[PDB]
Amino acid sequence: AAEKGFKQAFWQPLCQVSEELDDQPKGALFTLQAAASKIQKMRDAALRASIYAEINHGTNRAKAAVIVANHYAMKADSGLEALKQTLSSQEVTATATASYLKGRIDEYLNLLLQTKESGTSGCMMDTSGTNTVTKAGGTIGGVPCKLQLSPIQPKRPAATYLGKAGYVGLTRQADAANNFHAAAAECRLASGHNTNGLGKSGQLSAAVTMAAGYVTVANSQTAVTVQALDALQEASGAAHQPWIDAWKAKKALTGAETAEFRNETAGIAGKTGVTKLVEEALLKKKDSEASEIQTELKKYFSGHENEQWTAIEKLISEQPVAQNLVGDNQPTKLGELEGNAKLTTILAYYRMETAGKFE
Ligand SMILES: *[C@@H]1O[C@H](CO)[C@@H](O[C@@H]2O[C@H](CO)[C@@H](O[C@@H]3O[C@H](CO)[C@@H](O)[C@H](O[C@H]4O[C@H](CO)[C@@H](O)[C@H](O)[C@@H]4O)[C@@H]3O)[C@H](O)[C@H]2NC(C)=O)[C@H](O)[C@H]1NC(C)=O
C-alpha cells in the first residue's frame, strides 16, 4: 500500500549495485598495475635484444636484434604514452563516478535501515513486508550490503549488475504500491504528505527524489515511482545523471588490452617500427617497395614471417651474459633475467665493452 515501508524487492537491487560499484576501484588499480607491468615486460624484451646486439655486434644476427630491440622499445614507449593520455583518465573517471554513485546509494539505504519503530514497522522490510531487517556484518536481511567502501586490493571484477545496457535489476515497476511498498509498515520516507510522510504541518512543496534521482517520492498519498535504468542512453542534466555517468565511464573501459600492451603476430614487415627502420638505416631511402623491405629482412632473419622473428628471439633468450654480472649461482641466460633496472645496467656494461673494442 502507498506510504508504507519498502519491501526487499525495492532495496535489494540497490544493494546489488552498491556491492558491484565497490569493486570498480579494485578494477582500476588492477588495470593501472597491469598496464605498468606490460610496459615493463616490453622493456625487458627490448633490453635483452639490445644486450644481444652489443655482445654479437657487427653481424647479421646483431642487426636483426637491433630491429627487435627497436620494436619492443617502441611498444614500451607507446604503452607509457597510452597510460598517460588515455588509461589514467578512463580509470580515475570510472573509480570516481562509481564511488560517488555508491555513496549516494549507501547514504539512502543507511537512512532506510535506521528509520524504524519496531520489529514489524519501519522503512526497510523483508521480502514479505513482515519484519524490519537488521544489519549483521556485511549483510542486511541476508542480502550482501556492506554500505561501506571496502579496502582497495587489485581485482578484475565481472560486470553483472551494471553492464553495457545499464543497471539490469533496476527495471520498470508497474505496481509499486504492491511490489515495493509493504501493507502496514509505517515509514515517513515513503511520501511527502504530512499525515504519513515527511510533511509536518502540510505537504512538502514538491515531489522529492532520492538515491541520486532513482526514486520519486510524491507529496501526495501515492506510491513511489522509479526510473527504469536498464536501457540507458547518454544524456546530460538528467535527474538521475550520476547513474548515467557511472554507466558511461564503465562502458568506456578497455583494460590494459589495447594494441600498445599486446604483442604483434603479423609478418615482420608489418611489425611496429620495422619498415621505417629498414628504410632509414638499411636501404637509406624513403618510400620503399614492399619487395625491397622483404628482401632486406631475409638478410637478417632468413625470412620475413613471424616464425623467423621467433627464431631470432630464441637466440636472444638463450644468450648468456658474463658470470660476474649476476649473483653467485644465479642464471646468466638473458631469457632467465627480468627487471628493467637489472637489465639496464647489464646493457651499460656491454656498451662500455663496445667502446673498448673501438678504442
Ligand atoms: C612479448 O613477447 C616477447 C617475446 O616472447 C616477450 O618476451 C619474452 O618474455 C618471456 C617471459 O615471459 C621470456 O621467456 C623465457 O624463456 C626461457 C626459455 O624457455 C625461460 O627459462 C624463462 O623462464 C625463466 O625465467 C623467468 C624470468 O624471465 C622466470 O620468471 C621463470 O620462473 C623461469 O625461471 C622465460 O619463460 C623471453 O626470454 C622473452 N623474450 C625476449 C626476446 O626477451 C614479452 O614479455 C611479451 N610482452 C608482453 C607484454 O607480454
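Numbering of ligands and ligand atoms starts at 1, following listing order. Basis for what follows: all heavy atoms, side chains included, without hydrogens, waters or symmetry-related copies. Throughout, residue positions are numbered sequentially from 1 according to the sequence presented.
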(message) Within this structure, what is the CE-SG distance for the pair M124 and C15, rounded to the nearest 0.5 Å?
(response) 5.0 Å
(message) So, using side chain to side chain contact (heavy atoms under 4.5 Å, CB included) as the criterion, who are the partners of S201 when residues are at least two apart?
(response) none
(request) Flag yes if more than 12 heavy atoms outside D175 fall under 6.0 Å of its CG atom; otherwise flag no. (result) yes
(request) Looking only at protein heavy atoms, identify the closest one to atom 30 (O) of ligand 1 and say how far it is in Å. (result) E338 OE2, 3.7 Å
(message) Given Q90, which partner from the list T93, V92, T86 fulfils the side chain to side chain contact (heavy atoms under 4.5 Å, CB included) test?
(response) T86
(request) Mind checking whether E336 contacts ligand 1 via backbone (N, CA, C, O), side chain (CB onward), both or neither, at a 4.0 Å heavy-atom cut-off? (result) both
(request) Would you mind checking which non-hydrogen protein atom is closest to atom 47 (N) of ligand 1, with the distance to 0.1 Å? (result) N263 ND2, 3.2 Å
(message) Yes or no, since that's all I need: does a protein heavy atom fall within a distance strictly under 4.0 Å of atom 28 (O) of ligand 1?
(response) yes
(message) Starting from atom 12 (O) of ligand 1, what is the nearest protein heavy atom, named by residue and atom, and what distance separates them?
(response) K41 NZ, 3.8 Å
(message) Against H240, only a single residue in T209, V226, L229, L170 fulfils side chain to side chain contact (heavy atoms under 4.5 Å, CB included); can you say which?
(response) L229
(message) Give me the nearest non-hydrogen protein atom to atom 23 (O) of ligand 1 as residue plus atom name, then the distance to 0.1 Å.
(response) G335 O, 4.3 Å
(request) Taking only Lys NZ, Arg NE, NH1 and NH2, and the carboxylate oxygens of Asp or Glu, determine whether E296 and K299 approach each other closer than 4.0 Å. (result) yes
(request) Determine, counting only non-hydrogen atoms of the protein, whether one lies under 4.0 angstrom from atom 33 (C) of ligand 1. (result) no
(request) Establish whether atom 45 (O) of ligand 1 and some protein heavy atom are separated by less than 4.0 angstrom. (result) yes
(request) Check whether any N or O atom of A45, backbone or side chain, sits under 3.5 Å from an N or O atom of ligand 1, and answer yes or no. (result) no
(message) Under 4.0 Å and counting heavy atoms only, is there anything from the protein next to atom 18 (C) of ligand 1?
(response) no
(message) Please list the nearest protein heavy atom to atom 37 (C) of ligand 1 with its residue and the distance rounded to 0.1 Å.
(response) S317 OG, 3.6 Å
(message) In the complex you have, is atom 10 (C) of ligand 1 within reach of the protein, judged by whether a heavy-atom distance drops under 4.0 Å?
(response) no
(request) Quickly, which of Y161, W243, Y214, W247 forms a ring-ring contact (aromatic ring centres under 6.0 Å, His included) with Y167? Name it, please. (result) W243
(message) Suppose we measure from atom 43 (O) of ligand 1 to each protein heavy atom; which comes out shortest, and what is that distance?
(response) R48 NH1, 2.9 Å
(request) Give a yes-or-no answer on whether the side chains of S18 and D106 include a donor-acceptor pair shorter than 3.5 Å. (result) yes
(message) Any protein heavy-atom neighbour for atom 4 (C) of ligand 1 (distance below 4.0 angstrom)?
(response) yes
(message) Please give the remaining members of the hydrophobic cluster of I39, linking ILVMFWY side chains under 4.5 Å, ordered by chain and number.
(response) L32, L80, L83, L87, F261
(message) Under 4.0 Å from a heavy atom of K38: which atoms of ligand 1 are those, numbered in the order shown and with their elements?
(response) 49 (C)
(message) Distance alone, cut at 3.5 Å: any donor-acceptor contact between the side chains of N340 and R43?
(response) no
